[PDB]
Each structure stands twice: as structure tokens, then as C-alpha cells.
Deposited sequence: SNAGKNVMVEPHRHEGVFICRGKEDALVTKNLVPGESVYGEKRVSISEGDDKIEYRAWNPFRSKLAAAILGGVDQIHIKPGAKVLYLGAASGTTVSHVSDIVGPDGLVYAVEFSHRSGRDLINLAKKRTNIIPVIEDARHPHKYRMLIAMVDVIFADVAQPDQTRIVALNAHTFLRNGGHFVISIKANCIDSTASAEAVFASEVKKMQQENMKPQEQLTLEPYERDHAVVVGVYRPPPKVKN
């Protein structure tokens, strides 16, 4: 009787959506934990709330790729207090790495406390608009995840990609249309942001919206193909 099944995405499971807890016995944001013991074996999973995590919403909504997988090196822009980062940390595991970039010092304290238990998280308490200031800390990454909310933030993501993202690496970008231009339609916003990505050789491969978890919110996944 398999109680928790591997999901199509490596490192993700269905029980609904859960990740394997990198720190058994501890929750990050009050989420339920499910520990399964058989003999001397024991594995714990943490529930992943699509109402607080746009990545979980996107997975439940059927995104084809997330590019966050065991061993991956991830640059996470807008890490906040670490809710989604904690699950990314679970997925990439001890051989992966998550750079958790966050501008707020208050949020940063939560990220620092989270990363005390998780070796694979590096809090970077800096303004992502100016990646030259922390470039010496960031090893080249496989995937960038970003929470974009202003009409200048796709460009911020791109500037980080140009500095940190490997050729042929990937990006996963959440777009809150209301925050980019509340006077535009969600479709005008999403089309405009996709255009900004393409201008920076960030080539979308898929996109989806996040109902019923969020209103007028899209996740765009794609591939970075800079010129020589």
C-alpha cells in the first residue's frame, strides 16, 4: 500500500502535494508533516500549500517542467521568509544549492533561521536590482525562480540571468498582473512580460495561470539562450 507516491516531478510526491523533509521533525510555516515508518526505515514528508506557494499551484495546475530537481543549483529571487524556498531546498537535496535572495531584513531573519538547519540554503539579503554587489557569492546556477510584481522586475530577473544563469539553463517566473499594471488586462500584462523576456533571450516554453489558487497570476517557464 503506497501511501505517498512519487510525482511526475522528481523530488515531488502526492499523498495532496508534499516534499521529502530535509529536516525531519520540523515544520517551517505550520504545514502538516507525515512520517512513514516501516521496520528500521523512516521517511517524513511536508505538505506544500498551493495557496501560499505559487510553485505548488503551478505544479497542481499541470506545468510540464519545473527544472528544480535533485542536485540543482537554484537562484531564488524574492525568497521572502522562505516558504517556497523550504520546498525547493527539500527537492534539490543535500547535493543541491538554493540562493535565497531577499531585500527585506525582517524576512531575511526568517531566511537565516531557516538556513541554520538546511545546509543547502544560502540567504543573500540584498537588492536583486544590483547583482554586481553580490556576484562574488553566487556560483553559476541551473535555474532562476522569481516572484515578479513590478514593471521593472522582469528586467531585474534578466540582469541576474545574464550574470548568473548558465547557457541553456531555465527560468520559472511568477507574474502577478495586478501588481505590474493594474490598468492593463491580465492578458496585456502577460504578453508584455513575455516580450520583455524574449528581448533578453529568455525564451518561454510554457505558461499557465494559477486558478483556483490565485487570480490573474501566471507562471512562465523557459530556457535562457544568450548570444556569444
No C-alpha positions exist for deposited residues 1 to 5, 21 to 25, 239 to 242
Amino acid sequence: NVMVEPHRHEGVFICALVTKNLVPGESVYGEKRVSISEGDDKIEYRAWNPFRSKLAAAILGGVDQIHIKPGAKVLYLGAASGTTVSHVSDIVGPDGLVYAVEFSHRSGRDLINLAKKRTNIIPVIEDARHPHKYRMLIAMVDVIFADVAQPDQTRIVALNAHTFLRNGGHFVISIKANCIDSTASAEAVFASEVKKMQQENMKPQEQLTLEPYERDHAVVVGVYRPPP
From here on, numbers count along this sequence of modelled residues.
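In this text, the rigid core denotes the largest set of C-alpha atoms whose superposition between the two forms falls within 1.5 Å.
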Core-superposed comparison in 8 other deposited structures of this protein: bigger Cα RMS shift among 143 to 151 and 76 to 84 is in 143 to 151
Mean Cα B-factor check, 90 to 98 vs 145 to 153, entry values; winner is 145 to 153
Higher of the two mean Cα B-factors (135 to 143, 68 to 76; per PDB record) comes from 68 to 76
So, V172's CA B-factor, relative to its chain, sits in which third? The lowest
Assert third(CA B-factor, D127) within chain per record equals highest
Among the modelled residues of its chain, the C-alpha B-factor of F190 falls in the third labelled lowest
The third of the chain into which the C-alpha temperature factor of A184 falls is the lowest
Temperature factor at the Cα of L208, chain-ranked in thirds, falls in the lowest
